[PDB]
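See below for the structure under consideration.
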Amino acid sequence: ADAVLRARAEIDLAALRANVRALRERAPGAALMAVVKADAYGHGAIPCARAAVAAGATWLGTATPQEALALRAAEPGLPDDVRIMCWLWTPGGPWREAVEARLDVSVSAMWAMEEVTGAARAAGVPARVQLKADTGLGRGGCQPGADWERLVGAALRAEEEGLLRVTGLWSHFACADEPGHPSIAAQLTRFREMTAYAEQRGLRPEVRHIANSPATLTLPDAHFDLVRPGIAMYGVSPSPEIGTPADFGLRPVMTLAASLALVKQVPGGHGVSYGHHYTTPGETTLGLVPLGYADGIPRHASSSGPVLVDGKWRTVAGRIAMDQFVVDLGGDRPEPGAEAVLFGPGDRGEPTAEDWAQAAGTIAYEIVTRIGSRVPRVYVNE
Amino acid sequence: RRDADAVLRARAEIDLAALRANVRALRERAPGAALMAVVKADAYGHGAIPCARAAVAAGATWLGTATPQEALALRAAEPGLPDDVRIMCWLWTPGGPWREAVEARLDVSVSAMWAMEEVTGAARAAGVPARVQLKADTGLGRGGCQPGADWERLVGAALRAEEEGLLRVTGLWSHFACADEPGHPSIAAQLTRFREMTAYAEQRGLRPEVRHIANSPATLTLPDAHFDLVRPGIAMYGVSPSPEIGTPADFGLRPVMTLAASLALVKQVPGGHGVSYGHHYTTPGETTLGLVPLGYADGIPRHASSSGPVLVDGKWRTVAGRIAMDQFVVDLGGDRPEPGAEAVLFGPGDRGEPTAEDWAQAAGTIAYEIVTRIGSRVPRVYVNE
Ligand SMILES: Cc1ncc(COP(=O)(O)O)c(CN[C@@H]2CONC2=O)c1O
Ligand SMILES: Cc1ncc(COP(=O)(O)O)c(CN[C@@H]2CONC2=O)c1O
Ligand SMILES: [Cl-]
Ligand SMILES: [Cl-]
Ligand SMILES: [Cl-]
Ligand code: NA
Ligand code: NA
């Protein structure tokens, strides 16, 4: 692909492996799940899954069943013994294909309990089921009290019939990226209660797990049998409040770069881009970076996004357009085709994804995950 | 059946009859001009090839893309689009596939000497002449050639390449900065500069088939800016360029995309229960919550946290707290739709659902960004092909 000449997202799989390594050291009591949903947070699902497994991940996590099934179908195959879990299900989804593919499937509700049991019955092989507990996030889990009682009950019956085995009990935190937030302790308490209850009724899960990246990095009591450090595996800190990648032995995996399309002199008083929200203060040079919001450069970073060009940080001049944006180069005259580095690990003087997050009023998770399909991915150290 | 399966979670429904109607409506609105169907960025999220075909059927005689790869993909479509449709691309960088573009008969934009040298080199090596459009920077300060010496030199090099039989300048074009703000003084200033820079080029000897400057908001509001060709991108997808310009209905337009999902969970929760990351929403009393299985990886902007609208079970709901990567929650106020019930995030608006403009407002952006960044994990379903 000559598509890389315009722009590319370089994915350093050696950095990803080092991150997995570092996260395994940080959670020595637990298995590590490589969360590779959303096309591995924009980094490429299958290449990142292989690298994570090579570095010691024994679980893969996806949102949709289609994502998990694509991992099972990869050629050459990932090891047959890697566990693959998926959790974002709707009525009528491919439960039977998931059971036949030996996926761990999350169940938060009776409807899904019924459908997976029906699918196991029709497939003639038992399902592996994880029960999700809503411990305080108020999102995908089963509520405590009657809902949980009923769900645990139906799971035991299906076990009795040989239709499934409950392989895990899990939940997810709301505010683990704010250390000391009182909801963290409240959720852990509730997690302990709800899991104690399920085990006393007779469930025998292989894994209990609640930890995402910020809990993995800051709460050893929340590690249990399995940690799910998604954003950290891609070398990106969950928040500045938690710390920098370097604080945890982490290195950003993605570098986003483009080649300048145009370098041109313009007079003072010349408007730049839509709405003319920037006006040259005097005679100067403008550089055209051929990436825009269709490529995942957030429109919210208009006037603020940083980019390394020709030895200095520049910032976006005025509005980001669909396919491009402009920087004021202050008189410098790099060649057309010169490298513009939007973000990376930061060790060459370039910005990081967290700098973009700040410029766009969002979090670094969104920045890396929404880099568009029009930007080719280049895998290094595969 | 694998098709039938991903649509169960969510889908972006693309009504090509609405797109064809929009192209007809735009052609009425610019009777002096050919219409270019701007299908860059995967047709603003709607699907490049299906939209290109529909637009051509409805009378578009030009297709516009940003990258050469987009344009080459249109040339290569099977079945082919008509051989006589013109396909233009404009976002080039040094060393791009100029020769392949020349051999594929694309119109290629040039704003600079580097590019003039590369395309002339490629035409020389291919042994076939290039079709080149010169872009003028009339005030936008983005991709065009500046007036004065830069333009003089570019027009000069183009004439020499014409003299050698290496290319023909097929167009002279530009693009507006503020056409979405009617009466903004930059509009007239750019048109005046466009007229001068194009007059200059023609008097030096260039004979373009088309002159063009109009995007959607100019096409809709500025008949003097139509020239020989209009490029109404967002309007073709039935979306107004701004509320200042008007609503789609004001222009005989209908939104082409409908974004919908199937509820993944409906559950009862007590009062005082936090909802989603950071607990920016707390249930005020006992209630029901609905889980919509779409998140910012699917293109639901995180900026619409606490504000995005969605039609569920007969009423508009709004996002409760933070939108997550793969899902968000709504407070259903006690209602108990079935799991799997339809949640309509946006569409043309005639069934009581929100529009892409409502999402733009909720997310502090423009409707262009909403439709364009709907993620590849959302399948597109084409109706009225
Ligand atoms: C159920 C589940 N487990 C673990 C993770 C890993 O989170 P970290 O990436 O924070 O480690 C996530 C993803 N969290 C994303 C981030 O945005 N919204 C989500 O659902 C998730 O949804
Ligand atoms: C060169 C060019 N021509 C025509 C159009 C059509 O514009 P409308 O969609 O506004 O009709 C665009 C789209 N402009 C996109 C829209 O956002 N940013 C851009 O550069 C464009 O870049
Ligand atoms: Cl939850
Ligand atoms: Cl701005
Ligand atoms: Cl310009
Ligand atoms: Na929870
Ligand atoms: Na211009």
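Each ligand, and each atom within it, is numbered from 1 in the order the structure gives. Chain A is the first sequence line, chain B the second, and so forth, proteins listed ahead of strands; every chain is numbered from 1. Atom set for the values below is all heavy atoms of this structure, side chains included, hydrogens, waters and symmetry mates excluded.
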Open item on the list: Using side-chain heavy atoms (C-beta onward) and a distance below 4.5 Å, is B/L265 in contact with B/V329?
Closed with: no

Task: Flag side-chain contact, heavy atom, 4.5 Å: A/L250 against A/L23 - done: yes

Per-atom contacts of ligand 1 with [X], taking only distances under 4.0 Å to non-hydrogen atoms:
X	result
A/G230	6 (C), 8 (P), 9 (O), 11 (O)
A/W87	1 (C), 2 (C)
B/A324	18 (N)

TODO: With atom 7 (O) of ligand 1 as the reference point, say which of A/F173, A/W170, B/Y296, A/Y41 has the nearest heavy atom.
DONE: A/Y41

TODO: Please work out whether the ring planes of A/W59 and A/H209 are parallel, tilted or perpendicular, with thresholds of 30° and 60°.
DONE: tilted

- [ ] Could you tell me how the ring of B/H279 sits relative to the ring of A/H181: parallel (under 30°), tilted (30 to 60°) or perpendicular (over 60°)?
- [x] perpendicular

Open item on the list: Tell me whether the count of non-hydrogen atoms from other residues, nucleotides or ligands lying under 6.0 Å of CD in B/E152 goes above 12.
Closed with: yes

Do NZ/NE/NH1/NH2 and the carboxylate oxygens of [X] and [Y] come within less than 4.0 Å?
X	Y	result
B/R9	B/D298	yes
B/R142	B/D137	no
B/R377	A/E67	yes
A/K37	B/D326	yes

Open item on the list: With the threshold set at under 4.0 angstrom, would you say A/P229 reaches ligand 1 through any of its heavy atoms?
Closed with: yes

Open item on the list: So is A/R139 touching ligand 1 or not, going by heavy atoms under 4.0 Å?
Closed with: yes

If you have a sec, work out which protein heavy atom is nearest [atom] and how many Å separate them, to one decimal?
atom	answer
atom 5 (C) of ligand 1	A/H172 CE1, 3.7 Å
atom 19 (C) of ligand 1	B/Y277 OH, 2.9 Å
atom 10 (O) of ligand 1	A/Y365 OH, 2.5 Å
atom 3 (N) of ligand 1	A/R228 NE, 2.9 Å

Could you see which bit of [X] sits under 4.0 Å from ligand 1, with heavy atoms only: side chain, backbone, both or neither?
X	result
B/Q327	neither
B/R302	neither
A/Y234	neither
B/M325	both

Task: Test item: side-chain donor near acceptor, A/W89 and A/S106, under 3.5 Å - done: no

- [ ] Using only N, O or S atoms, tell me which atom of A/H172 is closest to the Na ion (ligand 6).
- [x] O

Open item on the list: Please check whether A/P214 reaches ligand 1 - meaning an N/O of the residue sits under 3.5 Å from an N/O of the ligand, judged on distance alone.
Closed with: no

TODO: Please indicate whether any nitrogen or oxygen in A/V35 is less than 3.5 Å from any nitrogen or oxygen in ligand 1.
DONE: no

- [ ] Among B/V330, B/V266, B/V269, find the residue that satisfies the side chain to side chain contact (heavy atoms under 4.5 Å, CB included) test when tested with B/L289.
- [x] B/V269

